[PDB]
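>>> Just dropping in an experimental structure and the matching sequence.
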Amino acid sequence: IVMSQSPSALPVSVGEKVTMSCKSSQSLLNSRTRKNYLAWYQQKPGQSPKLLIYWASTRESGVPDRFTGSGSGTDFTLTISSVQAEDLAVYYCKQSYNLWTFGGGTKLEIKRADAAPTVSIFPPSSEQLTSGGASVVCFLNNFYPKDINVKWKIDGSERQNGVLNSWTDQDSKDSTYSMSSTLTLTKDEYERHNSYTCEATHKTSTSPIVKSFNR
Amino acid sequence: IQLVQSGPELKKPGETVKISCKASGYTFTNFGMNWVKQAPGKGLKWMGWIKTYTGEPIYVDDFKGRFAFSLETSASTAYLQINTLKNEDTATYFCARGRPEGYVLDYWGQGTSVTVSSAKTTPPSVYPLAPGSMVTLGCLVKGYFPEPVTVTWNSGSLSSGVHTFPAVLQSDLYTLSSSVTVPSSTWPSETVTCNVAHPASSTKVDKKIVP
Ligand SMILES: O=c1[nH]cnc2c1ncn2[C@@H]1O[C@H](CO)[C@@H](O)[C@H]1O
């Protein structure tokens, strides 16, 4: 019994109406009790999940009125009539027809104007080189939407191994995303090449945003 | 009704861990106790439950063999025992009570973090990130264990234009980077320093960013 949620992320504006869907691979309706065994849970960062809706459409005590669940059989929906700041969370559907299985979750994010990444590239520090290591670091800061790709090139050739990547969550202040990418090699390897390039691909630019340093 | 779980766990591969979950405010044996796994950046995975009345446990296929649910009913405590740990076991584990009206997980514990690594406690190396209208600086905090490290800029005085990237665990050690953006007219004129702390190793490091 597989639970499938879409979209995986959902850009919203405060105050507007939001809808997210859950589909089951098999019907969740108990004919014997005309009961659809499908619940909705909210999980904000760092917190434990919280039950919002059960039996597909019954609101848990205390849960505000702007949350409604609907649907039946294999197609279900969670609606937030007017979205508040306090509602940005991950929402999970969970079936309890046959065992208790969660869907993959839909994350609410704040929409805003598209922003191209600011790309910075940093040579290794003198103090790291004295240790024998050498990390080249690329920051892709304050972009929107969240999808982005980064490519490293050394002396004009694409490099894939040694690359470590990290992604922030949406920033609470300007609603943008950021990415860090670290290329780790030895001092000797680093001193063999001359040109280090970090190239970003993002929907705000028809060409890659490239930044580099020599030597 | 409250469910309180035990504290975070650090383990090497192969060992066992036992997590507890103490329940209060309700008749313990009237409701099932459930365990849910959540890997760091992933979703929720129901693991199974145990009937508190009769003590029989039920495991989903992925959790058969190595995992043990147990109870001490007189103390209203449920236990999760994970034997032969792997790195894929690194996750937060929640206990949660099952309410039969709805068949839902209505009250949850706060979660217990388990990290599996062959690393021993290791202090980080901290390195400045210097370039080459606005200028972006950074610090690289590399090769430490366990989490957390904390990073501030100018002893906390620098607030906006700062963000810190989530640590990633690669080859049993963590690495993270911080970023600060300041007006190009203010650096290197006004000094910028990253303050890094690693409590597990009592490490405190202040690193000035120089051009
Ligand atoms: O806490 C619990 N966790 C999991 N299953 C439970 C719990 N309590 C009752 N049931 C079981 O859920 C079935 C319907 O999905 C019921 O038949 C019951 O045996």
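Yes, it's here. Numbering: from 1, shown residues only, chains lettered A, B, ... in the order given.
>>> Is the residue sitting furthest away from the middle of chain A in a helix, a strand, or coil?
Most distant residue from the mean C-alpha position of chain A: residue A:32, 39.9 Å away (Cα atoms, centre = their mean). With DSSP: H, G, I helix; E, B strand; the rest coil as the basis, residue A:32 sits in helix.
>>> ok, now residue A:189?
Here residue A:189 is helix, with the state taken from three-state DSSP.
>>> you'd agree it is up against residue A:134?
Yes. Assessed by Cβ atoms under 8 Å, residue A:189 is found in contact with residue A:134 at 7.2 Å. Placement of C-beta: from N, CA and C, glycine included.
>>> out of these two, which sits in the more crowded spot?
Neighbour totals were compared for residue A:189 and residue A:134, and residue A:134 leads with 19 against 13 (other Cβ atoms under 10 Å in any protein chain shown).
>>> Mind checking if the helix or strand hosting that one is in reach of chain B?
Assigned by DSSP states H and E, residue A:134 belongs to strand A:133-143. Yes. If you take Cβ under 8 Å from any Cβ of the partner chain as the test, strand A:133-143 does meet chain B, through A:135, A:137, A:139, A:141.
>>> Distance-wise, check residue A:14 relative to residue A:145.
Applying Cβ to Cβ, to the nearest Å, the value for residue A:14 to residue A:145 is 18 Å.
>>> give me the number of residues near residue B:62?
Neighbour count of residue B:62, defined by other Cβ under 10 Å: 11.
>>> actually residue A:55, not the one I typed
Neighbours of residue A:55 under the rule other Cβ under 10 Å: 20.
>>> check contacts around it.
A:35-39, B:102 (Cβ atoms under 8 Å, 6 or more residues apart in numbering or on different chains).
>>> farthest pair in those residues?
Farthest-apart pair in the contacts of residue A:55 is A:35 and A:39; separation 11.6 Å (Cβ to Cβ).
>>> Which residue of the two possesses the greater neighbour count?
In this view residue A:35 and residue A:39 are compared by other Cβ under 10 Å, and residue A:39 has more residues nearby, 28 against 18.
>>> Am I right that the more buried one is in contact with residue A:50?
No. Judged on Cβ under 8 Å, residue A:39 makes no contact with residue A:50 at a distance of 11.1 Å.
>>> Which residue, other than its chain neighbours, is closest to the residue in chain A positioned nearest to the ligand?
Closest to the ligand within chain A is residue A:96: 4.2 Å, counting by Cβ to the nearest ligand atom. Distances taken as Cβ to Cβ, 6 or more residues apart in numbering or on different chains put residue B:103 closest to residue A:96, at 3.7 Å, once the chain neighbours are dropped.
>>> Quick check: next helix or strand after the helix or strand hosting residue B:126?
Here residue B:126 sits within strand B:125-129, counting by DSSP H and E. The first helix or strand that comes after strand B:125-129 along the chain, using DSSP H and E, is strand B:134-144.
>>> And that next one, how far out from the chain middle?
Remark: strand B:134-144 is offset 22 Å from the chain centroid, using Cα atoms, centre = their mean, to the nearest Å.
>>> Please apply the same query to stretch B:149-168.
Remark: stretch B:149-168 is offset 19 Å from the chain centroid, using Cα atoms, centre = their mean.
>>> buried stuff in that stretch?
By neighbour count on 16 or more other Cβ atoms under 10 Å in any protein chain shown, the buried set for stretch B:149-168 is B:149, B:151-154, B:158, B:161-165, B:167-168.
>>> Report whether the expected contact of residue B:43 with residue A:102 is present.
Yes. Assessed by Cβ under 8 Å, residue B:43 is found in contact with residue A:102 at 6.3 Å.
>>> quick one, what contacts residue 24?
All of this is about chain A. With Cβ under 8 Å, 6+ apart, residue A:24 has these contacts: A:1-4, A:38, A:74, A:76, A:95.
>>> That was the other one, I meant chain B.
B:1-4, B:76.
>>> follow-up on the earlier one: distance of the residue nearest to residue A:96 relative to residue B:63?
Distance, residue B:103 to residue B:63, using Cβ to Cβ: 19 Å.
>>> measure the nearest residue to residue A:129 once chain neighbours are set aside to residue B:129 for me?
Excluding its sequence neighbours, the residue lying closest to residue A:129 (Cβ to Cβ, 6+ apart) is residue A:187, at 4.9 Å. According to Cβ to Cβ, residue A:187 stands 17 Å off from residue B:129.
>>> which of those two has more neighbours?
Between residue A:187 and residue B:129, counted using other Cβ under 10 Å, residue B:129 has the larger neighbour count: 26 against 15.
>>> That one contacts residue B:211, doesn't it?
No. Using Cβ under 8 Å, residue B:129 is not in contact with residue B:211; the gap is 11.5 Å.
>>> on that earlier part again, who's more crowded, residue A:14 and residue A:145?
residue A:145 (18 against 13).
>>> Now do the domain split for chain A, please.
Here the domain parsing of chain A from automatic domain parsing is A:3-110, A:118-214.
>>> ok, now chain B?
B:2-116, B:125-209.
>>> I'd like to know how far residue B:190 sits from residue B:160.
15 Å.
>>> again, but for residue A:100
Distance, residue A:100 to residue B:160, using Cβ to Cβ: 44 Å.
>>> In contact with the residue nearest in space to the middle of chain B, which residues?
Closest to where the C-alpha atoms of chain B average out (Cα atoms, centre = their mean) is residue B:113, at 5.0 Å. For residue B:113, the contact set (Cβ under 8 Å, 6+ apart) comprises B:8-9, B:91-92.
>>> So which of those residues wins on neighbours?
That'd be residue B:91 among these, by other Cβ under 10 Å, with 20 neighbours.
>>> That residue contacts residue B:40, correct?
Yes. Here residue B:91 reaches residue B:40: they are 7.3 Å apart, a contact under Cβ under 8 Å.
>>> Out of the buried residues of stretch B:149-168, which sit inside strands?
The strands, defined by DSSP state E, take in B:151-153, B:162-164, B:168 from the buried residues of stretch B:149-168.
>>> Those also near chain A: which ones?
Within those, those near chain A by Cβ under 8 Å from any Cβ are B:163, B:168.
>>> What is the nearest of the ones in strands among the buried residues of stretch B:149-168 to the ligand?
Checking these against the ligand by Cβ to the nearest ligand atom gives residue B:168 as the nearest, at 34.2 Å.
>>> Any idea what that closest one is bridged to?
Beta-bridge pairing of residue B:168 under DSSP bridges involves residue B:175.
>>> on that earlier part again, how about the strand holding residue B:126 and chain A, any contact?
Yes. Using Cβ under 8 Å from any Cβ, we find that strand B:125-129 touches chain A at B:125, B:127-129.
>>> So what are the sheet partners of that strand and their directions?
Strand B:125-129 has the following sheet partners, assigned by DSSP bridges: strand B:134-144 (antiparallel).
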